[PDB]
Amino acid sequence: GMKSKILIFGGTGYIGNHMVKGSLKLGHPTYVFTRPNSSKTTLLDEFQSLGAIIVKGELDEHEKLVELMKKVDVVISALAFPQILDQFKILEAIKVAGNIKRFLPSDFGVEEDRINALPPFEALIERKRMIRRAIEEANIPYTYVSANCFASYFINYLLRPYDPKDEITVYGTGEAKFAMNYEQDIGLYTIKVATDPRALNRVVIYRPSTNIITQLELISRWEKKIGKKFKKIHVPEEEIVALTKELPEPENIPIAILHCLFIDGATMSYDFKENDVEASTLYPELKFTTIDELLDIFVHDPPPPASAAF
């Protein structure tokens, strides 16, 4: 009906698939752009059975992109770090088509315009800032989503729940706060804000009050959930910093990210600005899965671990 048509790049991705599923659940005609040689064949079949329109192609196909843009209203990019500047290909098509009502670039993490990180990671988020500046320069309607930490991703990373080891690594003092959200919810809320006028040309942050915690508190709550105690092994902050200067790329990137999220506490180091929009306050019919509910999911049916591409 009146539902805006949504085009998603990287829809077969770790976070992208939750955006495709959320879009279809909400009744939006959904277009998924995917490479001709992608191995996400079974996933695409699932998307298709759910009503998605699959479009195979390369980002280098400028004409194809423009013709596709003319058929949709909203564009969401969930491309990975290695492809951040390749989003300029998407932006160029958006500009030529001229009918796009909202563009959401691939942010979905820290709020890069108000925080800084160690060189390995700083260089990467600067690429995301470059996309934002180009969007603003061209007056393209947008929504910048700071999703904070992907919960399943980092619960797996920090707790290694599938590992019967008796020790757990703690980065720094472990007292830094961070916010983490369930991937499925990040996907659903992202589709919602993409058409919500309250999110037009604004920074939307996902920071539900039930999802703020420290490494030490997460470990304590997990121990209670499974009835086991762990020996906490700390890696001093000055030690983490050294690694980012010697460990080569891409090995030093994850380390730099860990420092940003869990030592500097970048997702919780600032107060909201006048024009910021915290998403959990937007829809009374919805709510973010809480940390306790997340731990229950890991007890009953834990999702597999993942490693981002760098």
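Heads up: residue numbers just count along the shown sequence, starting at 1.
Exercise for review: Determine, for stretches 110 to 118 and 75 to 83, which one has the higher mean CA B-factor as deposited.
Suggested key: Averaged over C-alpha atoms, the B-factors run higher in 110 to 118.
Practice item. Return whichever of 38 to 46 and 53 to 61 has the greater mean Cα B factor according to the PDB record. Key: Comparing averages over the C-alpha atoms only gives 38 to 46.
Check your understanding: What's the residue among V32, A266, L68, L258 with the greatest CA temperature factor in the PDB record?
Key -> Comparing C-alpha B-factors across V32, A266, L68, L258, the maximum falls on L68.
Exercise for review: Please pick out which of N139, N148, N99, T143 has the largest Cα B-factor as recorded in the entry.
Suggested key: The record points to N139.
Practice item. Would you check the entry's CA temperature factor for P105 and let me know if it's in the chain's lowest, middle or highest third? Key: Lowest third of the chain for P105's C-alpha B-factor.
**Study point:** Record-listed C-alpha B factor of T214: chain third
**Key:** CA B-factor rank for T214: middle third.
Review point. Relative to the other modelled residues in the chain, which third contains the C-alpha temperature factor of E92: lowest, middle or highest?
Key: Middle third.
Exercise for review: Among all modelled residues of this chain, ranked by Cα B factor, put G187 in the bottom, middle or top third, i.e. lowest, middle or highest.
Suggested key: Bottom third by C-alpha B-factor.
Point to revise | Record-listed C-alpha B factor of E238: chain third | key: Highest third - that is where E238 ends up once the chain's C-alpha B-factors are sorted.
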